[PDB]
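Structure below; questions to follow.
Residue numbering begins at 1 within each chain, and the chains themselves are lettered A, B, C, D, E, F, G, H, I, J, K, L, M, N, O, P and Q in the order written.
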Amino acid sequence: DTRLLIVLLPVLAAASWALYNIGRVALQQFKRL
Amino acid sequence: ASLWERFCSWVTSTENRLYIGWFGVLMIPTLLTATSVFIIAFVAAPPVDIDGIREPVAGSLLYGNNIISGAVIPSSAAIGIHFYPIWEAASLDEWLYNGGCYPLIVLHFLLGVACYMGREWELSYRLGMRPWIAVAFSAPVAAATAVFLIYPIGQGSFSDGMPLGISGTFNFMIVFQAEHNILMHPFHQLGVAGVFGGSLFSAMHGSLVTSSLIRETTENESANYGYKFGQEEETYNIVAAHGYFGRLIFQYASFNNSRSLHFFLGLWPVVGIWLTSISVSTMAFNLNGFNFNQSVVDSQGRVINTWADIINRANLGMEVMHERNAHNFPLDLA
Amino acid sequence: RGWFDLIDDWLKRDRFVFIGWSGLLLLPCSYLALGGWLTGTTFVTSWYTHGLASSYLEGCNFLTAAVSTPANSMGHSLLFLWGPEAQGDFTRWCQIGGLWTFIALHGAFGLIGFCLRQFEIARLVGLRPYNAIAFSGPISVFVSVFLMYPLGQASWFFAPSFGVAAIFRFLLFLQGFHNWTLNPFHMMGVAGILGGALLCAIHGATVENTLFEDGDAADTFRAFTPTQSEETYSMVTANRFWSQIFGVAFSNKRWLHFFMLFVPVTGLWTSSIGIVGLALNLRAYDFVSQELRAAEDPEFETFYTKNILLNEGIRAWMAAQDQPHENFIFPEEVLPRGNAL
Amino acid sequence: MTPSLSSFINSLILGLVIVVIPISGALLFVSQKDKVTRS
Amino acid sequence: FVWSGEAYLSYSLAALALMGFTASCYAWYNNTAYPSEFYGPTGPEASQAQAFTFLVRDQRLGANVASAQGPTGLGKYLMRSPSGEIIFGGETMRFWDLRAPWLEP
Amino acid sequence: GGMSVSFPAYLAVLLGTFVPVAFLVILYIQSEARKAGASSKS
Amino acid sequence: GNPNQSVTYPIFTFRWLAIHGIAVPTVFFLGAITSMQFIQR
Amino acid sequence: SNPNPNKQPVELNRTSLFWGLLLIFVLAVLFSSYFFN
Amino acid sequence: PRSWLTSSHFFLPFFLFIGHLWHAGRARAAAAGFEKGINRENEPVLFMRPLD
Amino acid sequence: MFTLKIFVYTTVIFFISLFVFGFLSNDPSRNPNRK
Amino acid sequence: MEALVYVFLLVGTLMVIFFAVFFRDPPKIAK
Amino acid sequence: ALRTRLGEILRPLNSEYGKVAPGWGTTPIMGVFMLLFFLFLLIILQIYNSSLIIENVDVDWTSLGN
Amino acid sequence: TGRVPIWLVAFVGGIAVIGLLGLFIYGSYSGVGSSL
Amino acid sequence: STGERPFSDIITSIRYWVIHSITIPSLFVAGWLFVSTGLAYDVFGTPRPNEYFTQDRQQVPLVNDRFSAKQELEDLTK
Amino acid sequence: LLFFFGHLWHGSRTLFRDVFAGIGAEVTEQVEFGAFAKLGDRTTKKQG
Amino acid sequence: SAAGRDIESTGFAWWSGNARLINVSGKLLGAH
Amino acid sequence: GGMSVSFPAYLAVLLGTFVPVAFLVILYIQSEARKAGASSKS
């Protein structure tokens, strides 16, 4: 269990950088339609 | 106007029913004596000592041998790759016991398709067109050189070549995969991707033409009667068959240039059979396939078998049982 | 408007990849079969199934790695993850061999979803349905070698395992134990596949060779727009060339491309008819006219009679290693060796 | 009542619950975004 | 001939194909221009050294090495060539025309 | 001096040949006789 | 030549989801297969 | 018992004969060795 | 090293023969004129008598 | 048996000298587009 | 006894090769 | 068109060609019965395959024994 | 200029294809499954 | 020609490399720790190269029962 | 197995009955990409 | 002067773009 | 329990029937197809 969150922690680091640059512009899409 | 130029303009004349050009001065008499010896020695040849161990193999129609068992048997291994014509025999039936019919067919057939390949160039010159159908026939000619000539050159005798028969080709393939591992060779691997891939693209391109035909025909009659031969316009929408296949995979995975599409039909099986014909000829000089026997070992050093070992237990079982009394020493041609 | 008519408007809309109503069956089932092979070739062993290490995790490359067939011990089981064999546990279900029936059932429901897709594109754009018909060859090999061949046999063990070298067992498995090559339905199939590889090579390299000088450049690939009315190649010259080189030649471009449909598919459908008969051991093994003769004449020999002895070499040497559940404990004196090796 | 029987009925719920998500996910994706002049 | 640049290449590719096929059969058969102490033994003489090293071993066990009575009725160790020379028996009778510097004495 | 084969298979091959061979020669000759009846002597 | 300066375009299309089904397992597995071969027995 | 309107003639050109004469013969070339056994 | 030198010297000079068949074809088709394709204004087959 | 070697080598040289003297007799002028 | 069947079938399919080349339906350009 | 004594008593059976029910009809009634038949077909497939071993149902050849 | 060239994104993605396939041939001569 | 943002005007954009010049390594690193922290052997049942054999089990492991294979594979490792 | 093909042929035939002689002249403008929102629907002519 | 380094300066495309040196003898000598 | 008859005579009867039977069906179908080509669609 404890090594599962060593694998998914770069995945959580990947989506955190993805939701930093897109979270202004992904809010534009869901409010548009 | 000369006595030769009047003959020289008949050979290179396109008015004949079959083109009889200057390569056809060599392939017509060589194939017709590779036909007349093949038809006679399939029916009424005597049994042939193929291995040179004085045990003849009876592969003609008189001696039993329904046609998924009969074969023009290869030469004797005591002869080897020595030149064995009729006049270097003491008698004609002594020539038949050592298997003289196999180099008389296969040196005339190989010289006949080499001048079929030049004749396929030659009509593309006198008709005024692009000439590279000789290049596309160089994939079967090399593959007929690989099993018939280059594998007897590398492996010694003419008995190692492919027997001219249906069950002889299945015996040639099992003995090959015993000693050369063609199934795990990465150039035969490309050839079956040009054989399955070529069979894919025949069933793919031939489908998309016949599924997008414009109806110059009625309902009850046949569809093929709507293409008048020698017409100017295309009989099928290339833009609709591209818009079909651009919806099937995605839009840019499909050639709406029909010349680059049709070149890809001439590139995928022809390069693949070029790589098969190399592989059998590089295995003729015993550069075999991949050998991952006993590669996976654990920490104690005990051998763990992989899937290449169960191929090898097949490869070893057809190794001990082929040529069942022709071996006297423990290693096969080592 | 509507509710069911709404979902038909969205699912059949024009996008980069097309979903369609077949995409509710194709796009999940193609994903878990193509992806389920790629995660068992990467990680999942076969050590408790066959005694074989076959994955990239335990030291195999792209050739010698597979999701292997489940067991003889299970025996025709569908092998669900929730099933009675491997109840709930994912790690046991990978170890029993249950990924093979995860792939071969999603593959058998994905090829339904792709052939329903080829019906759904050709109906929407307005074409004829001759691509779902030509795909019925590849359906009838997957439904008859991976499903109808092991279901008649003993278990899922004797099926082809999804891997590169594990198929190369199955070709030599049907040579030694079945004399597959002498089967005339397979010999109908070799002349369908090597005939289709001829027709793709000889038609593709004669319309790149009898084509009209439409452009002015040295390369000819630029001289074609898709929406041109005129023919991009000369049918009369290509008819003239093969009438004198070969002797026969096509005169119908419309019949020519149907012959490129019929020769691979009716070659692939005929060899599928034979391997249905190979599930029942209704094989074309031996010529009984020549086995009576070779027993009643100890100097009668043919390449057929040499092919039978090669099959008893394959079936007696591989049997201790291929089927380890049977416990074949053949000593070294009783298996058929030849002489000196 | 058998554990091989109750695992099948639990598979019918788990087949339903996970694959009601493309039933509703292809229903939210159309009532928020649809074609302009059609059915 | 044709007198152009694509022509003069094409004459030389057919000539280099003739030399490249010849240089293969040099490397597979010759052991004098391609000596065996550097390139290894050739295709024939590997198959003839095996018949030689078991002609030695069973002679060292006291057999008359001629009159072998091999299994097919022919010579096991020593045999007769089709032209009538005394050659090595077995499968290696196809390589009977071997000239190799360790057996030519 | 002999090869014991299946005696009904001479009927399986020759009736297996000459019944569908005669089916195609039935269909071909009437197809050209319909062309000869329509083009000529119309 | 220049970037698309002001034209509107959706970012989470279905072509985004169709690629990331085959790309995000790929860059996970490459790197898992790369780490398998430094493993000594 | 009126005259039928739905009757239609059958065509077969010479190409379709030569394929059918080739096919029925080659299937008899192929299967004769197995029928004779 | 004989088994590499002989195997690769089928790989090179067989392909070196294939490009000779490419270039003996192309040089005699470029010197004659029909290297970019069949001339549509006069193709030579349409000015020939047919086969039979 | 020697008489066949005299007869084959008559025939093999006959089609070879038709081959060599055939392609020497102005073969690239046998095209279309004027000669 | 049965080799007469194989020689008849192989020559009899070699005549259909002969008749399809020289006695073919002659393709003439749609006048 | 010949009208006989048998074709006159079978006349209202071959009468209403193309006389459908409007709209969606009994299609949600049909989709329940198609689902229940498919749910029936997965049960007896798993009974035969011994993935659904139920009490007092033995799928051995010894079921019809003494 | 706010843009990467198309040939540059295929170049550094092209070296890594040779880079990953370079490690797959090295890893077949080392470690587990290399007959060592 | 479909109405959405084109492919090659995404790959060339500077936001695309500002978002995942890191998450193409961050999936490569997450794949690396899946096969190096012993998780790839455990959740897929693959044996470690010292866990092929066992001091109590020198032979090869093969499943014998079908329904009690959960009880057998538990008693086949350790 | 052979009846699986003929069902797949006849199910291809009973749906595609009007294109059995071949496709018409209405196909060319309804196929090319991005013209319509819903594929095969000429009432969705996206535009402007 | 200078000649032939494009598609529509010689006819050959880039994959054939080694055969723009047939009628160019100076670059061909530096190519050999 | 058996009757030993001449084994080539199965080929003498059935090819003796089906070769001249197929000769008359070849001639009859083309005779009516020539009538159908001349009377109808002239």
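The criterion applied here is as follows: contacts are C-beta pairs under 8 Å (C-beta built on N, C-alpha and C of every residue); 3 or more make two chains touch, one makes a residue touch a chain.
Could you give the fewest steps needed to travel from chain B to chain P through chains in contact?
2
Tell me which has more C-beta contacts between its two chains, B-K or H-K.
Spelling it out, more C-beta pairs touch across H-K than across the other pair.
For chain B and chain N, what's the span in angstrom between their mean Cα positions?
43
Just give me the whole-number Å value for how far the CA centre of chain J lies from that of chain P.
39
Which whole number of Å gives the spacing of the CA centres of chain E and chain I?
37
Take the average of all CA coordinates in chain I, do the same for chain N, and state the distance between these two points in whole angstrom.
Going by mean C-alpha positions, chain I sits 51 Å from chain N.
Considering chain I alone, which of its residues make contact with at least two other chains?
2, 6, 10, 14, 17, 24, 26, 28, 31-32, 34-35, 37-39, 43-46, 48, 51-52
Residues touching two or more other chains, restricted to chain K: which are they?
Chain K, residues with two or more chain partners: 2, 5-6, 9-10, 20-22, 24, 27-29.
Hunt down the residues of chain F that sit against at least two other chains at once, touch-wise.
Answer for chain F, listing residues that touch two or more other chains: 3, 5-6, 10, 13-14, 17, 25, 30-31, 34.
Where on chain N does chain C make contact in their complex?
Against chain C, the touching part of chain N is residues 2, 4, 35, 40-47, 49, 52, 60-67, 69-70, 73, 76.
For chain M, which residues count as touching chain N in their complex?
Those in contact with chain N are residues 2-6, 9, 32.
Show me the residue ranges of chain C that touch chain D in the complex, using the header's touch definition.
Residues in contact with chain D: 1-2, 5-11, 13, 24, 28, 80, 82-84, 87.
Would you mind writing out the residues of chain C in touch with chain K in their complex?
Within the complex, chain C touches chain K at residues 236, 239, 247-249, 251.
Which chain D residues qualify as touching chain O in the complex?
Result: residues 35-38 of chain D touch chain O.
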